[PDB]
Each structure stands twice: as structure tokens, then as C-alpha cells.
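Take a look at this single chain, the form deposited in one PDB entry, given in C-alpha cells.
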């Protein structure tokens, strides 16, 4: 907390207005945290501290920065609980926890660096233009070189979502009678780095997976499959997935963080294509930010979904669609939803061909 709420006591109209103003101000200054964290990334702070903890003066020397400003930046990161700081008689030493090392450094499996760079290069300028997008809207009538360049960074920056999602999905798949000793096949449409598929392949040693994405992303996905030891059972088909050629006979077709990019018309097209690629008894899994039609921020997942929709508007995307809309798309594809599972920031919808 950045406001001592115990000092905002009172129940007059003025008291309540002043208290609200402090709370709104605290919300507004949430701007500062990404600015500090992303500046630290740009300067190399996290990689430097992971290699060798140091005081602000040493870090400023190593990173060719101003010593006073570096101390301010590091103490702000400490105040955000992003880095740790030990105080001795000699002085201070800043360092990263093992968890932060894994999240903040380039090149790790769960690195947020891709999210830092998406913010720096794309989201920060776009958010400043949000009013203009709300004024003018967007039209409904593959990713171009711009969006592909953006995804090149972003896909690695959202790897951290995958493990809880795959653990939940895998538990349901096992409980539904799907064995890791079966030679099942998975299709991962718009696979990004392929982490969802690749974690499934680690969980189910006899399965194989095919990921669809554009060429530059498919390259990243194959490299990560090798890093995860599943290279022999993971393959990519590079190109625009609207050009068909998905293969057939899949026991699982996965759409993670894909449907919110679509229009209703394109969503129905994708769902029907998935249904045509299913093996007997195959399943479609949708992982996305989904909210009830009442659009109430009841749960963390609902609240995030409503905020994420603003992010989609910010970059000219689709929407946080409702459960009811996904139901219509399942029906249009001859599928019926069999399960809805909560995950930390998403829902999983599982569907099979209607009986």
C-alpha cells in the first residue's frame, strides 16, 4: 500500500471524497511501476544484479549510469518488492531472489522480457492514444509485418501463463480417460513459443503435437521444444493458418490466447475448422479471457477479462468475449461444451462433437 488508509478516517461527505481521491491517485500512480521495471530492463539492471549483487554505486559504474539516479531506481524497485536489498555496516547490496531471476532476465523460459519490450515498443504509445480509438472504433470488414515483429517478442513474454493452465487441463484430460501411453496427437493453433503443447508432451510421453504459427514464431517454437527435450514429438507448420492445411485426426485442438483476436465471423470459421480436424472423440480446448454476459467483475478472472478487453481495443484487437458467445460458436461447429475450468487469469472451455 502507498496510502496510510488509517489516516483517512471519517464519514462526512468531504471525508469520503478526500479518501476516494487518495485511492484514485494511488490507482493513477500504478503507471510508475512498469516505467521503473522497464527502464531497469533497458539499462541491464536485472541481469547485472543476478550475476553479482552490488550497491548502487558499483552498479552505476558497471552500467555507465548516474550514481544518484541509479540509487533512486534501485530503491524504487526494492519498494515494489521486485528486487531485494540487504543492509550491512559496509552499506547496501541489491540482489534478486531465485524467483525474480527466472522472471526478469532475458532468455529464461518464463522471462517477462518479451512483455517489457511489447510495452516499450507497442503498448506504451498506443495507450496514450486510447481516447482516439474509442472515438473512432475499429472495423470488421495473418499478422502483418508489424504485428509479427511484435509477437516475436511478446510470445515469450506470456510463457508464464502456461504451466498452471496445462496442469489444470492435463488433470481433466487424465480424468476423462486420456492416457499418456496412448499415441494421441495435438494441434496447437497459433502456438506462439509452443509451450502449452510442449508441456503436454512432457506430461504425456507418447503424444505428438503440431503447432501452427508464422515462420519467425515457428522458429522460436522449435528451438524451445529442443530446450524442453520434446523436439522429436513437436513439429511446426509455418504460415498463415487461414490458408488451411492443418492436418486431421487430432485428439486435442488447442486455442490459447487466439479467440480474443478474432471477429465473431472469423471465430466461427476457426471453430468449424477445428471440428473438421478432430479424431473420433477428439476435444477442442479454448483458453482465453472469458466473462459472463452480465460482464460483472465478480472474480479475478472476470475483472481481468474486462480490463484485457480495453487492452484489445488499445491495439485494435477483438474482445473479451462472453461464455454465451463461445457457446454459440461451439454450436455452429457441431460441438458441445463439456467443461469450464478456472485458471489464474483465464478460463478453459473444453468441447467435443455433439452426440
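For clarity, a rigid core is taken as the largest C-alpha set superposing within 1.5 Å between two forms. Residue numbers count along the first chain shown, from 1.
Missing deposited residues between residue 90 and residue 91: none, as the chain runs unbroken there. Mean C-alpha B-factor is higher over 325-333 than over the other stretch, the pair under comparison being 26-34 and 325-333. Per-stretch averaging of Cα B factors for 187-195 and 276-284 places 276-284 on top. Between the residues 213, 149, 119, 231, the entry's highest C-alpha temperature factor is the one at 149.
When the C-alpha B-factors of 262, 257, 219, 179 are read from the PDB record, the largest value belongs to 179.
Residue 20: CA B factor lies in the lowest third for its chain, per the PDB record. Residue 139 sits in the highest third of its chain by CA B factor, as recorded in the PDB entry. In the PDB entry, residue 239 places in the middle third of its chain by CA B-factor. Among the modelled residues of its chain, residue 12 has a C-alpha B-factor that falls in the highest third, as given in the PDB entry. Ranked within its chain, residue 224 lands in the lowest third, by CA B factor from the PDB record.
Below, we turn to the form deposited in another entry, even though it does not appear here.
Taking the core as reference between this form and the one not shown, the lone member of 245, 205, 125, 177 whose Cα moves by 2 Å or more is 245. Core-superposed comparison between this form and the one not shown: the Cα of residue 87 travels 2 Å or more.
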